[PDB]
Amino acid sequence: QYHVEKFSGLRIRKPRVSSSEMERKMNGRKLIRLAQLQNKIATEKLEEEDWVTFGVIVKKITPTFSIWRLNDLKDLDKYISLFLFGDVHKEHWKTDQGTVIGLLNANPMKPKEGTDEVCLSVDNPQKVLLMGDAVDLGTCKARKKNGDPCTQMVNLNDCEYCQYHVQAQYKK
């Protein structure tokens, strides 16, 4: 049914970019995983690279500009916030939660008080590449102590249990 798209490592439902269009989008570019962005910025090694990263929209908020919480579904505990302003917001703000995106050459922002999460914005709506729906974006199958469903996010293709609940499945 679905293939692991090579650059993101995600199985995509209804892919919007062909394999050749991705090849030319990636040509000559540095792939940097989301989890590496903090360190790259802190050591000022980010700007000199023509770079791309991948993440899925896991949360949206639109207070006019908007923010997307991104996670790449490979390192499950690492998140960035992407801020959409102007043209980018206008073009892209209605995009579905669960969308896989390539993010290219975004600009680091001031830290958002209380969180050590990388915040980035983007010059230009062409630095956002919509790749399709993340078929394996799901919720943890375990329950909390009180019987409520766990709400932690999961990559269904790799593990059906979040970090906290595997810690306990492994001890079984």
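Start at 1 and count along the sequence shown; that's the residue number.
Novice: Zero if continuous, otherwise a range: how many residues of the deposited sequence are missing coordinates between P63 and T64 (none, 1 to 3, 4 to 9, 10 or more)?
Specialist: Per the deposited record, the segment joining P63 and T64 lacks coordinates for 4 to 9 residues.
Novice: According to the deposited model, is the average Cα temperature factor higher in 35 to 43 or in 110 to 118?
Specialist: If you average the C-alpha B-factors of 35 to 43 and of 110 to 118, the larger mean comes out for 110 to 118.
Novice: Using the B-factor values recorded in the entry, state whether the Cα atom of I101 falls in the lowest, middle or highest third among the modelled residues of its chain.
Specialist: It belongs to the lowest third of the chain when residues are ordered by C-alpha B-factor.
Novice: Place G28 in the lowest, middle or highest third of its chain's C-alpha B-factors, as listed in the PDB entry.
Specialist: As the PDB entry reports it, the C-alpha B-factor of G28 lands in the middle third of its chain.
Novice: Grab the CA temperature factor for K78 from the record and place it in the lowest, middle or highest third of its chain.
Specialist: Top third by C-alpha B-factor.
Novice: Could you place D123 in the lowest, middle or highest third of its chain by Cα temperature factor, using the values in the record?
Specialist: It belongs to the highest third of the chain when residues are ordered by C-alpha B-factor.
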